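Just one chain is shown here, as structure tokens, and it is the form deposited in one PDB entry.
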């Protein structure tokens, strides 16, 4: 159908326009020159070049694990802004009640964040700082608990997600499907959201048939990844709560505090 073929392109176009990183761009960088962060020496070097404001305090600077945690949060905050503008190209999203738009983004942003993080991850590490650094997975594993425990589950998810070999045309529809879940708690107009979601899911199913004819199960596999991402976020929010309670130096950004507030 031409209207559905266009809906898929509108959403893909909105994705390419609103996210600073996409999978084609990430793959070009990941092939090879981002500065490699693989130990404490190179973390401190990268900090002086890529985030110099943070380490300009002398002995007042925070422990390395907490600086990394802060920089991960700053990355998330940026992605929430990108996700918020992308959400307007989903048909009917801007016609939803303003409160419903807030609730959908509230529960969807971290599922979308972890899905899209896969695009900049490989089995050895991930791009950081707008593509200018690459931090190794082994370095992130080396951080003291509980900060190391934030990281590896996201790689575990991404390695299996990346094995599906989706492209940006697929992932844009997937992220839109994540944002339009009609079973989020607190929704006012559930019925309208379900019809909005059904239209996107309908385009996602047809698109996957067209773009991945070799994988007859790809649509139900992606439905399962959405459920897996919900569980990943529930687990992530618990671990973030442990850090907030037990690490007095690891302040939560206020935008992320509101996202987490009464989430799970």
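Residue numbers count along the first chain shown, from 1.
There is another form of the same protein, the form solved in complex with a partner chain; it is not shown, and what comes next is about it.
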Applying a 4.5 Å heavy atom distance criterion, does residue 169 contact the partner chain in the bound PDB entry? no
Does any part of residue 138 reach within 4.5 Å of the partner chain in the bound PDB entry? Heavy atoms only, please. no
How about residue 162: is it within 4.5 Å of the partner chain in the bound PDB entry, going by heavy atoms? no
Taking the shortest heavy atom distance, is residue 190 within 4.5 Å of the partner chain in the bound PDB entry? no
121, 105, 151, 143 - the one with a heavy atom within 4.5 Å of the partner chain in the bound PDB entry: 105
